[PDB]
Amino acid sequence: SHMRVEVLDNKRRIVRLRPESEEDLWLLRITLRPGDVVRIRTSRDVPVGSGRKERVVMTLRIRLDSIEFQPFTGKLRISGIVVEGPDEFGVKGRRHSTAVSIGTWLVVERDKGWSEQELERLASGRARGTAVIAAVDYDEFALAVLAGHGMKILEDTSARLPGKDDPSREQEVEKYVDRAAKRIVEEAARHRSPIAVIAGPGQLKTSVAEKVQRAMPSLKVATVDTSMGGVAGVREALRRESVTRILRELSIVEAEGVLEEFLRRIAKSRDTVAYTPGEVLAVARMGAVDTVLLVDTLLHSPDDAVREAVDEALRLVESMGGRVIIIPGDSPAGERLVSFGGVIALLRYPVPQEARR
């Protein structure tokens, strides 16, 4: 149900753990850092012996160099320079690149020590699942899969339908909805979705909804009114009140609220927001941060200074009662963030610009 996490040494530098869900894999993405040394049982191709190779399962300690996550693949890609292994194979100094899959045991050693918030973060993962969202109108149909940690478009399609006067226009829209229902079922199945949010203007969405309910009767099927179909509709639906409630446990969705509020303040009460790594650290030190919205790519920036600033600021706001929310760059909200350097913050009180030093 969540990542088992057990601290091995008295110096609390070494932790054994086992991802048991993709959210656990995401938790590793936002937690692990370059310099961490991991230890897995992988395997590699060794030249034993004469002109021949054998694939040998072996345990290595790798100084992490690269941590990479792509949603809906169930894989955390990792890479680095091997710092220890069976000496009979001479792997030290050589790059190992593998993937941590769900269920893969791995031990990781952090020199600075594993903080207590970090350990808790790691174990937090409620294996919250997945949802699918579609939007349909007479022009377009689009379908997406949603998780806490990512969003992926699965279908984008003009309904190259006749104009309304056309004879058997009724038949062609009937085929259209059938197509849309069949896709919504296929992906909800493929992704183990309990919930299917079906959006759009007017009755098309409910024609579609009825048919997918009938094919997956245990599925939770919610219609949402929305200005249009297609991808823009899926994105609008993420902002409607009903969906924000149903999907409230998803970061991608919760981000939308704090971005809406952030923009409101940009317009109406400017000194109560901050953005940019540097500014957010500044106001996080004051104790001014109520919540911080942060794209995960900042956690893994190639600039050491900004990784340290961001992790610090985040350590700070957590310690003084604040909420921290990490989202993928690959999300509607995460794309709005890039203009603000990838982090925004809602402040508890007005901090003047002259004071953010």
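Note that residue numbering begins at 1 and tracks the sequence as displayed.
- Taking the mean C-alpha B-factor of each stretch as recorded, 8-16 and 333-341 are not equal, and the higher mean is that of 8-16.
- Per the PDB record, of the two stretches 85-93 and 187-195, 85-93 carries the greater mean B-factor over its C-alpha atoms.
- When the C-alpha B factors of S218, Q117, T223, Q203 are read from the deposited coordinates, the top value falls at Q117.
- Out of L247, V173, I133, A180, it is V173 whose C-alpha atom has the highest B-factor in the PDB entry.
- In the PDB entry, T291 places in the lowest third of its chain by CA B-factor.
- Looking at the C-alpha B-factors along this chain, the one for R264 belongs to the lowest third.
- Per the deposited record, the Cα B-factor of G125 falls in the highest third when ranked against the other modelled residues of its chain.
- Among all modelled residues in this chain, the alpha-carbon of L316 has a temperature factor (C-alpha) in the lowest third.
- Ranked by Cα temperature factor within the chain, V324 sits in the middle third according to the deposited record.
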